[PDB]
Amino acid sequence: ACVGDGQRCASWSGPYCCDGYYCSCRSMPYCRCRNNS
């Protein structure tokens with residue numbers, strides 16, 4: 001199972017994203033997971 005769009009990555013960076021999405025980590029611990037571009 002993968003995370004949807006805009007879904008933050010577990011804790012700080014545990015699970016991955018769907019086939020095509022990524023996980024950003026701006027000024028904050030809770031990284032965000034969403035589509036590529």
# chains A, B, ... in the order shown; residues from 1 in each chain; ligands from 1
call {"tool": "select_by_dssp", "arguments": {"residues": "chain A", "states": "strand (DSSP E)", "output": "count of residues only"}}
result
8
call {"tool": "residues_around", "arguments": {"residues": "residue A:12", "least_positions_apart": "3", "cutoff": "7 Å", "atoms": "only C-alpha atoms", "output": "ChimeraX atom specification"}}
result
/A:9,29-31
call {"tool": "atom_distance", "arguments": {"atom1": "atom CA of residue A:19", "atom2": "atom CA of residue A:35"}}
result
9.0 Å
call {"tool": "residues_around", "arguments": {"residues": "residue A:25", "least_positions_apart": "2", "cutoff": "12 Å", "atoms": "only C-alpha atoms", "output": "VMD selection string"}}
result
chain A and resid 6 to 13 22 to 23 27 to 34
